[PDB]
$ cat structure.cif   # mmCIF, C-alpha atoms
data_model
loop_
_atom_site.label_atom_id
_atom_site.label_comp_id
_atom_site.auth_asym_id
_atom_site.auth_seq_id
_atom_site.Cartn_x
_atom_site.Cartn_y
_atom_site.Cartn_z
CA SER A 1 85.00 -202.83 97.74
CA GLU A 2 82.84 -204.18 94.83
CA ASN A 3 85.43 -205.41 92.21
CA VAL A 4 83.53 -205.87 88.83
CA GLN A 5 86.98 -205.99 86.95
CA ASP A 6 90.39 -207.39 88.25
CA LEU A 7 92.86 -204.37 88.74
CA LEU A 8 90.37 -201.98 90.59
CA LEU A 9 92.10 -200.41 93.71
CA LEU A 10 88.88 -199.70 95.77
CA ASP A 11 89.88 -197.96 99.10
CA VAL A 12 86.22 -197.54 100.28
CA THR A 13 84.71 -196.17 103.57
CA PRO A 14 81.57 -198.26 104.72
CA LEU A 15 79.06 -195.29 105.14
CA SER A 16 77.73 -192.20 103.28
CA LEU A 17 79.10 -189.23 105.32
CA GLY A 18 76.90 -186.08 105.37
CA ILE A 19 75.61 -183.28 107.64
CA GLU A 20 72.97 -182.14 110.25
CA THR A 21 71.88 -178.67 108.83
CA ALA A 22 69.45 -175.62 109.40
CA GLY A 23 67.03 -177.13 112.08
CA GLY A 24 69.36 -180.25 112.28
CA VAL A 25 68.78 -182.51 109.19
CA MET A 26 70.76 -184.73 106.62
CA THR A 27 72.41 -183.81 103.20
CA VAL A 28 74.62 -186.53 101.44
CA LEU A 29 76.74 -185.81 98.43
CA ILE A 30 78.82 -189.07 99.39
CA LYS A 31 77.59 -192.80 99.10
CA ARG A 32 77.84 -196.36 100.81
CA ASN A 33 81.19 -198.16 100.00
CA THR A 34 82.49 -194.77 98.68
CA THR A 35 85.99 -194.78 97.03
CA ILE A 36 87.58 -192.24 99.45
CA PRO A 37 89.74 -189.96 99.28
CA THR A 38 87.12 -187.61 97.69
CA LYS A 39 86.55 -183.79 97.46
CA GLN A 40 82.71 -183.51 96.93
CA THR A 41 81.35 -179.90 96.63
CA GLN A 42 77.69 -179.51 97.67
CA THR A 43 76.55 -175.80 97.22
CA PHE A 44 74.08 -174.57 99.89
CA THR A 45 72.39 -171.09 99.80
CA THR A 46 70.95 -168.69 102.49
CA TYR A 47 67.69 -167.88 104.51
CA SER A 48 68.20 -164.12 105.49
CA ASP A 49 68.60 -161.18 102.98
CA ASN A 50 72.31 -160.18 102.42
CA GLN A 51 74.93 -162.27 104.48
CA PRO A 52 73.89 -164.89 107.28
CA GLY A 53 76.78 -167.03 108.76
CA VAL A 54 75.94 -170.78 108.95
CA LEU A 55 76.18 -173.77 111.37
CA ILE A 56 77.67 -176.98 109.75
CA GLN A 57 77.43 -180.29 111.80
CA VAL A 58 78.72 -183.76 110.55
CA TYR A 59 76.62 -186.90 111.08
CA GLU A 60 78.12 -190.01 109.32
CA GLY A 61 75.06 -192.27 108.41
CA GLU A 62 71.23 -191.64 108.34
CA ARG A 63 68.37 -190.28 106.01
CA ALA A 64 66.42 -186.83 105.91
CA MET A 65 67.18 -186.22 109.70
CA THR A 66 68.56 -186.27 113.30
CA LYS A 67 68.02 -190.15 113.48
CA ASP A 68 71.04 -192.04 115.09
CA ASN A 69 74.45 -192.73 113.28
CA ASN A 70 77.97 -191.10 114.02
CA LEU A 71 77.89 -187.50 115.50
CA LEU A 72 81.36 -186.04 114.94
CA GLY A 73 82.73 -182.62 113.90
CA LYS A 74 80.69 -179.34 114.04
CA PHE A 75 81.76 -175.78 113.04
CA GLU A 76 80.30 -172.25 112.32
CA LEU A 77 81.37 -170.62 108.96
CA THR A 78 80.80 -166.82 108.51
CA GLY A 79 81.73 -164.00 106.04
CA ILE A 80 79.05 -164.35 103.27
CA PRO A 81 78.67 -162.42 99.84
CA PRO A 82 75.56 -159.97 100.29
CA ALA A 83 72.95 -160.82 97.53
CA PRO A 84 68.99 -160.93 98.08
CA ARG A 85 67.17 -163.81 100.10
CA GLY A 86 68.18 -167.29 98.68
CA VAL A 87 70.99 -165.93 96.32
CA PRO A 88 73.98 -165.48 98.99
CA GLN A 89 75.70 -168.95 99.06
CA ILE A 90 78.17 -171.46 100.57
CA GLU A 91 79.95 -174.63 99.28
CA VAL A 92 79.90 -177.35 102.05
CA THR A 93 83.00 -179.13 100.64
CA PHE A 94 83.77 -182.68 101.92
CA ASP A 95 87.51 -183.49 101.44
CA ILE A 96 87.80 -187.10 102.86
CA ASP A 97 91.36 -188.58 103.40
CA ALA A 98 92.14 -192.34 102.71
CA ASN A 99 91.77 -193.63 106.42
CA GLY A 100 88.09 -192.22 106.50
CA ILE A 101 89.15 -188.75 107.90
CA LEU A 102 86.77 -185.93 106.86
CA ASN A 103 88.28 -182.43 106.17
CA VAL A 104 84.86 -180.54 106.06
CA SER A 105 85.28 -177.08 104.45
CA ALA A 106 82.45 -174.45 104.10
CA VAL A 107 83.49 -172.02 101.28
CA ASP A 108 81.93 -168.65 100.33
CA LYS A 109 83.58 -169.43 96.85
CA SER A 110 82.56 -166.18 94.92
CA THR A 111 84.18 -164.46 98.06
CA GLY A 112 87.30 -166.96 98.14
CA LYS A 113 86.67 -167.74 101.84
CA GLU A 114 86.80 -171.16 103.66
CA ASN A 115 87.05 -172.57 107.23
CA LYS A 116 87.70 -176.33 107.75
CA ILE A 117 87.57 -179.12 110.42
CA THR A 118 89.68 -182.39 110.07
CA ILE A 119 87.46 -185.06 111.76
CA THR A 120 89.52 -188.11 112.90
CA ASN A 121 87.22 -191.26 112.81
CA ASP A 122 88.16 -193.21 116.05
CA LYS A 123 85.27 -192.31 118.51
CA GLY A 124 82.91 -194.73 116.81
CA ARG A 125 83.58 -198.11 115.21
CA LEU A 126 80.13 -199.07 113.78
CA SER A 127 81.51 -201.50 111.07
CA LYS A 128 79.32 -204.39 109.70
CA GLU A 129 76.41 -204.17 112.27
CA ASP A 130 75.40 -200.40 112.11
CA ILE A 131 76.35 -199.90 108.30
CA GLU A 132 74.23 -202.99 107.13
CA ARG A 133 71.11 -201.74 109.19
CA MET A 134 71.23 -197.86 108.34
CA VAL A 135 72.76 -197.35 104.88
CA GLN A 136 70.45 -200.02 103.22
CA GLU A 137 67.69 -197.44 103.31
CA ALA A 138 69.73 -194.17 104.05
CA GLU A 139 71.95 -193.08 100.98
CA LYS A 140 69.46 -194.74 98.47
CA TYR A 141 66.36 -193.25 100.30
CA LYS A 142 68.17 -189.75 100.73
CA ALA A 143 68.94 -188.61 97.16
CA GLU A 144 65.51 -190.49 96.53
CA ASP A 145 63.78 -188.33 99.43
CA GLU A 146 64.95 -185.90 96.46
CA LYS A 147 67.93 -184.24 98.04
CA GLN A 148 65.92 -185.15 101.19
CA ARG A 149 66.42 -182.31 103.53
CA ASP A 150 68.44 -180.33 100.94
CA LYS A 151 65.10 -178.40 100.01
CA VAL A 152 64.57 -177.03 103.62
CA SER A 153 64.49 -173.62 105.61
CA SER A 154 65.09 -171.45 102.43
CA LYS A 155 66.04 -173.64 99.34
CA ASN A 156 69.40 -175.46 99.93
CA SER A 157 70.24 -173.53 103.29
CA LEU A 158 71.86 -174.37 106.71
CA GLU A 159 70.33 -171.52 108.82
#
$ encode --input "structure.cif" --output "structure tokens"
Amino acid sequence: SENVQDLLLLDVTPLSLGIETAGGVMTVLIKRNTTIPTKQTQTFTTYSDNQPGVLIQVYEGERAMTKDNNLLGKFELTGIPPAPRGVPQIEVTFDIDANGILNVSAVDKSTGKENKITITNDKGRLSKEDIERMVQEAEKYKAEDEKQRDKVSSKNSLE
């Protein structure tokens, strides 16, 4: 909670919470000491021609990977709009609640179609020791890997 001015109410979660996608790797739209609650909409696309169905897996932590931070919450979203290879698409929408609880929603938004998981953050209390080692490299070095493992299997896909 980095207070540059006096009356700043900074309810922040210690890590940048993202996802293990396609062949299991990281995408973070969030940040370290993130002022949660937050609804961050990262739009992914597809690898097959006309309608895939995608595997979404949350890993709270790491950079461009399946390294070693908090594995919690994985779901399959399916019912995609049928355009040609790389144009069918899905919004992996991260709706975090104020006690660090991640409501992860994959939306086929041109189709008006979402499925969501509410991940309760108790099986893992990393705190000062794991956050100071991983996310002083990870969130910096992720959007700096250049949407790291965002450019992957197709373009921005999780298949």
$ closest_residue --input "structure.cif" --among "A:27, A:35, A:110, A:16" --to "residue A:135" --atoms "only C-alpha atoms"
A:16
$ atom_distance --input "structure.cif" --atom1 "atom CA of residue A:105" --atom2 "atom CA of residue A:133"
28.8 Å
$ resolve_selection --input "structure.cif" --expression "the PyMOL selection byres ((chain A and resi 24) around 9)" --output "PyMOL selection string"
chain A and resi 19-23+25-26+57+65-66+158
$ resolve_selection --input "structure.cif" --expression "the PyMOL selection byres ((chain A and resi 70) around 7)" --output "ChimeraX atom specification"
/A:59-61,69,71-72,124
$ residues_around --input "structure.cif" --residues "residue A:127" --least-positions-apart "5" --cutoff "10 Å" --atoms "all atoms listed in the file" --output "ChimeraX atom specification"
/A:13-15,132
$ atom_distance --input "structure.cif" --atom1 "atom CA of residue A:93" --atom2 "atom CA of residue A:137"
24.0 Å
$ atom_distance --input "structure.cif" --atom1 "atom CA of residue A:83" --atom2 "atom CA of residue A:117"
26.7 Å
$ resolve_selection --input "structure.cif" --expression "the PyMOL selection byres ((chain A and resi 1) around 12)" --output "PyMOL selection string"
chain A and resi 2-6+8-14+32-36
$ closest_residue --input "structure.cif" --among "A:103, A:43, A:48, A:156" --to "residue A:90" --atoms "only C-alpha atoms"
A:43
$ residues_near_point --input "structure.cif" --point "(75.0, -162.5, 100.8)" --cutoff "8 Å" --atoms "only C-alpha atoms" --output "number ranges by chain"
A: 46, 49-52, 80-85, 87-89
$ closest_residue --input "structure.cif" --among "A:91, A:131, A:155, A:147" --to "residue A:68" --atoms "all atoms listed in the file"
A:131
$ closest_residue --input "structure.cif" --among "A:39, A:128, A:109, A:116" --to "residue A:74" --atoms "all atoms listed in the file"
A:116
$ closest_residue --input "structure.cif" --among "A:104, A:126, A:134, A:64" --to "residue A:151" --atoms "all atoms listed in the file"
A:64
$ closest_residue --input "structure.cif" --among "A:45, A:38, A:153, A:136" --to "residue A:102" --atoms "only C-alpha atoms"
A:38
$ residues_around --input "structure.cif" --residues "residue A:76" --least-positions-apart "2" --cutoff "7 Å" --atoms "only C-alpha atoms" --output "list in words"
residues 54, 55, 56 and 78 of chain A
$ build_atoms --input "structure.cif" --residues "stretch 102-113 of chain A" --atoms "N, CA and C atoms" --output "compact mmCIF listing (two decimals), in the coordinates of the input"
# COMPACT_ATOMS: atom_id res chain seq x y z
N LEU A 102 87.51 -186.96 107.61
CA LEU A 102 86.77 -185.93 106.86
C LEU A 102 87.24 -184.47 107.16
N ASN A 103 87.90 -183.86 106.17
CA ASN A 103 88.28 -182.43 106.17
C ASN A 103 87.06 -181.63 105.60
N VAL A 104 86.14 -181.19 106.48
CA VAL A 104 84.86 -180.54 106.06
C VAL A 104 85.13 -179.04 105.92
N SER A 105 84.95 -178.48 104.72
CA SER A 105 85.28 -177.08 104.45
C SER A 105 84.08 -176.28 103.89
N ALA A 106 83.51 -175.33 104.65
CA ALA A 106 82.45 -174.45 104.10
C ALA A 106 83.11 -173.22 103.42
N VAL A 107 82.86 -173.07 102.12
CA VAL A 107 83.49 -172.02 101.28
C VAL A 107 82.43 -171.03 100.74
N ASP A 108 82.65 -169.74 101.01
CA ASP A 108 81.93 -168.65 100.33
C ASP A 108 82.86 -168.48 99.06
N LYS A 109 82.64 -169.31 98.02
CA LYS A 109 83.58 -169.43 96.85
C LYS A 109 83.61 -168.21 95.89
N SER A 110 82.49 -167.51 95.63
CA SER A 110 82.56 -166.18 94.92
C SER A 110 83.36 -165.07 95.72
N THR A 111 83.39 -165.23 97.05
CA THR A 111 84.18 -164.46 98.06
C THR A 111 85.64 -165.04 98.32
N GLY A 112 86.02 -166.25 97.82
CA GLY A 112 87.30 -166.96 98.14
C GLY A 112 87.60 -167.07 99.65
N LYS A 113 86.70 -167.75 100.36
CA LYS A 113 86.67 -167.74 101.84
C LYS A 113 86.22 -169.10 102.41
